[PDB]
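Following: one structure in structure tokens, then a few remarks.
Below, read A as the first sequence line, B as the second, and so on, with proteins coming before strands; counting in each chain starts at 1. Values below: every heavy atom of this structure, side chains too, minus hydrogens, waters and symmetry copies.
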2 protein chains.
Amino acid sequence: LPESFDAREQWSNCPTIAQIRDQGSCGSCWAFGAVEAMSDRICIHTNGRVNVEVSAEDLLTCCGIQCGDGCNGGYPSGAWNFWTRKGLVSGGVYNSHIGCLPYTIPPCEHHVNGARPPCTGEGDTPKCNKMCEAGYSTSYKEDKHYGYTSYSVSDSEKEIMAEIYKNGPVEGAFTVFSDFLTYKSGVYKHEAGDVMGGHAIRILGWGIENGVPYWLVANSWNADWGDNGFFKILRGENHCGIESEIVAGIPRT
Amino acid sequence: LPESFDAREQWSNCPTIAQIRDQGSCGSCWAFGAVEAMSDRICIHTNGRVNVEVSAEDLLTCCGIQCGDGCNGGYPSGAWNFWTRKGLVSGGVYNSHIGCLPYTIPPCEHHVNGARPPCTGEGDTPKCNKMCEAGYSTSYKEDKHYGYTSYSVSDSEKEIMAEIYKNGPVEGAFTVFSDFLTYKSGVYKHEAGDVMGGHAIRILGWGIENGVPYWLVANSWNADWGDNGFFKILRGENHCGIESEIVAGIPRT
Ligand SMILES: *CC(=O)[C@H](COCc1ccccc1)NC(=O)[C@H](CCCNC(N)=[NH2+])NC(=O)OCc1ccccc1
Ligand SMILES: *CC(=O)[C@H](COCc1ccccc1)NC(=O)[C@H](CCCNC(N)=[NH2+])NC(=O)OCc1ccccc1
């Protein structure tokens with residue numbers, strides 16, 4: 001395996017891999033890490049022939065109990081199951097008017113200062129509409145993209161690397177301590193601070209920095225948080241659980 | 001030639017065809033009608049394989065003199081000319097963080113009573129930065145998408161219909177009178193009001209409603225104007241000059 005890897009270089013033709021989204025004032029990080037990785041993998045496994053932003057809105061609103069409780073929290077693995085069973089329609093970002101069900105919860109400032117309003121708690125989850133937005137080419141059912149398999153990847157650093165290498169970005173989850181909230185650059189190594197919660201994300205490569213091994217990770221807190229929306233976190237040590245809850249899945253293409 | 005046609009239904013796999021953008025408080029309508037139609041055509045010409053949002057940002061800031069004066073107004077055929085000579089990078093809607101160069105001018109209310117700020121028009125043109133956004137997969141030069149030809153289409157209803165039918169949506173322009181500002185639905189036919197100015201739009205279809213033949217047009221004034229951002233305008237009589245300034249082009253393989 002390569003000593004360094006970045007899915008963005010590897011499948012440069014696949015623009016979703018480089019995209020950072022914004023979950024907004026809703027606790028749907030479990031949904032974002034999934035549809036972000038599903039988008040990447042649909043493109044990767046069709047060698048580029050299909051490039052669709054899979055809709056965070058559909059997953060968040062229509063998954064229901066197997067996924068958790070919407071904007072209050074949820075379970076990554078229930079998202080990948082849902083996709084293999086009931087699939088997910090396309091959907092761009094907020095006010096993009098791209099695809100069937102663009103996300104409806106507006107961008108906000110995550111533990112930073114900027115132009116947009118500060119994020120607040122967790123707005124009620126939107127209702128499941130099985131209807132695409134006015135304008136859109138095809139019907140909601142027609143627009144569904146399905147998965148063929150979903151699986152958990154075991155806590156093995158080599159297996160997770162191989163899985164990213166072969167098949168594209170994965171979803172993961174780790175424990176957030178307060179000192180993460182103000183990450184700017186470098187390799188994050190928890191030192192101080194209280195427990196905040198569990199946070200699901202997209203892992204899209206690895207590397208070394210000044211001899212510290214890390215995972216390259218896309219957060220769902222917009223591009224002005226962290227290092228342009230991305231962060232680096234110690235790899236090889238089950239640091240904050242980052243190697244404990246990996247899940248992925250292969251598209252039906 | 002059928003008695004109706006919607007590029008949205010013919011090329012259901014090209015989601016840009018159904019997408020409404022917002023030009024914001026910038027007179028860049030000349031650029032929007034262009035890059036919307038070029039995005040469409042890249043998808044139609046590749047059969048779905050290349051599915052990018054062409055940047056209104058790259059065209060607006062970088063074209064320079066032959067397009068006109070950026071946010072002050074411009075010339076559609078210059079746009080299509082610059083596309084074939086220099087090409088144009090990908091670039092999503094505001095805050096979409098998708099593609100090389102997303103749009104940097106925020107959305108606003110175009111003569112409607114909604115929640116976003118009113119457009120104050122004005123707009124100073126941004127500078128041309130030969131550089132993608134931080135996070136993007138490829139370089140600015142490497143991201144360029146090139147036109148093979150650009151051409152005008154003559155004032156002939158049938159030719160214009162045949163051009164849309166074969167090759168996809170086109171850019172047009174027409175004289176805007178103040179009674180257009182409050183269109184909601186049905187086929188537009190000017191009746192009263194003063195002249196406001198020239199307006200460049202994307203034409204993507206045609207049909208007949210209640211005996212009246214129309215063009216189906218995408219405006220760049222967001223989805224809350226008109227009929228979900230679209231509008232129909234009397235066809236077959238050069239109405240408001242709608243059949244006089246049709247410009248299009250073919251993308252390079
Ligand atoms: C990440 C996200 O949006 C929500 C809430 O975020 C809390 C938070 C996270 C980071 C920093 C500050 C605050 N979190 C969840 O959806 C988590 C993600 C996955 C956690 N992993 C496991 N194994 N549960 N899921 C979660 O909290 O499930 C519990 C729950 C479900 C339903 C309702 C309440 C709680
Ligand atoms: C449409 C666009 O945003 C601007 C401003 O339009 C003003 C307006 C339109 C409708 C309703 C209210 C206000 N217009 C243009 O960019 C036009 C489009 C081209 C159509 N006709 C032309 N003339 N061939 N271009 C334009 O106005 O060129 C003139 C100009 C160029 C440079 C500087 C000033 C004016």
ask   = Given that the side chain runs from C-beta out, which part of A:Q19 has a heavy atom under 4.5 Å from chain B: side chain, backbone, both or neither?
value = both

inquiry  = At a 4.5 Å cut-off on heavy atoms, which part of B:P106 comes close to chain A: side chain, backbone, both, or neither?
reply    = neither

remark   = Interface check, chain B: of A:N95, A:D22, A:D227, A:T16, most non-hydrogen pairs under 4.5 Å belong to A:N95

remark   = Nearest heavy-atom approach of A:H97 to B:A223 is CE1-CB, 3.4 Å

task = Answer yes or no: are there more than 12 heavy-atom neighbours, outside A:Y146 itself, under 6.0 Å from its atom OH?
result = yes

query = For B:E142, is it the side chain, the backbone, both, or neither that has a heavy atom closer than 4.5 Å to a heavy atom of chain A?
reply = neither

inquiry  = Is A:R21 close to chain B through its backbone or its side chain, or both, or neither, when contacts mean heavy atoms under 4.5 Å?
reply    = neither

inquiry  = Heavy-atom cut-off 4.5 Å, strictly under: side chain, backbone, both or neither for B:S12 against chain A?
reply    = both

Whether over 12 other heavy atoms sit under 6.0 Å from B:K86 NZ = no

message = Nearest 0.5 Å, please: how far is CD in A:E133 from CD1 in B:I20?
response = 9.5 Å

query = Hey, does the side chain of A:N51 reach the backbone of B:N51 with a donor-acceptor pair shorter than 3.5 angstrom?
reply = yes

query = What closest approach, in Å, do B:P15 and A:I98 show between heavy atoms, and which atom pair accounts for it?
reply = O-CD1, 4.1 Å

key: OH (B:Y165) with more than 12 external heavy atoms under 6.0 Å   = no

query = Does any heavy atom of chain B fall under 4.5 Å from the side chain of A:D143, the backbone, both, or neither of them?
reply = neither

note = In terms of heavy-atom contacts, B:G135 and A:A18 come closest through O-CB, 3.6 Å

ask   = Looking at CZ of B:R49 and CG of A:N47, how far apart are the two atoms once the value is rounded to the nearest 0.5 Å?
value = 11.0 Å

query = For B:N222, is it the side chain, the backbone, both, or neither that has a heavy atom closer than 4.5 Å to a heavy atom of chain A?
reply = side chain

